[PDB]
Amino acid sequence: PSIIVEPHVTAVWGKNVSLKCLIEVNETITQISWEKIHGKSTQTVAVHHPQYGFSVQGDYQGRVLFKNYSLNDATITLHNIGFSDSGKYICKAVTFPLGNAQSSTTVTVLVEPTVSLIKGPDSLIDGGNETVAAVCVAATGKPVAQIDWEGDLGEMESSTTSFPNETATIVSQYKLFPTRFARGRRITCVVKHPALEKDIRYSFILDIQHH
């Protein structure tokens, strides 16, 4: 309506997110609140009342700040984000005399992957058969990270395991036939994920041996 909110929002596990709400009703504001859908019932996250002040409820206590004291600005920030913070929220303005108005914001919780780049277990002998030259892991991210490789020296093979909390670990091995042409060149693991401000990039120089 005149309840201005962002319709869809992502939140990174263990960081902060802002639940924006501007109230332009041109009406007398009785109180304003954020609520969370639970079945058909809703549960209160935070309340502002012009005489009774703020209130934060449930497991949100200690993790919710009201941006400012204006009754027309219902924006809050949520902190120490966890999986249960996902779902549909309602910003609500109760007004006098016409009553309530609202708009919804759905929150998706993302988890940053833990990335590591490791060398293959076997040494890369020139003229030898296909060997795993490196292994890139992006562990327990939500959703699963994406892994790409730079340096066209071979081919990629990956597996993914998803977990009850809906994070996923992806393991990607880079396979190549060692040659003279590949010696001294650099292979890069590139991990893309929506919780990342920029792609994680790890690389190292190929060591190709003698005989």
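When you see a residue number, it is the position in the sequence shown, counting from 1.
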Regarding 112 to 120 and 127 to 135, which shows the higher C-alpha temperature factor on average in the entry?
127 to 135
With reference to the PDB entry, specify whether the mean Cα temperature factor is higher for 197 to 205 or for 12 to 20.
197 to 205
Highest recorded C-alpha temperature factor, please, choosing from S55, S162, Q51, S41.
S41
Pick out which of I147, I32, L65, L176 has the highest C-alpha B-factor in the PDB entry.
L176
Taking the chain's C-alpha temperature factors as the reference, tell me which third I170 falls into: lowest, middle or highest.
lowest
Chain thirds by Cα B factor, record data; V47 belongs to the lowest
Split the chain's modelled residues into thirds by Cα B-factor; is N26 in the lowest, middle or highest one?
highest
Third assignment of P97 from its chain's C-alpha B-factors
middle
Should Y60 be placed in the lowest, middle or highest third of its chain by the C-alpha B factor in the entry?
lowest
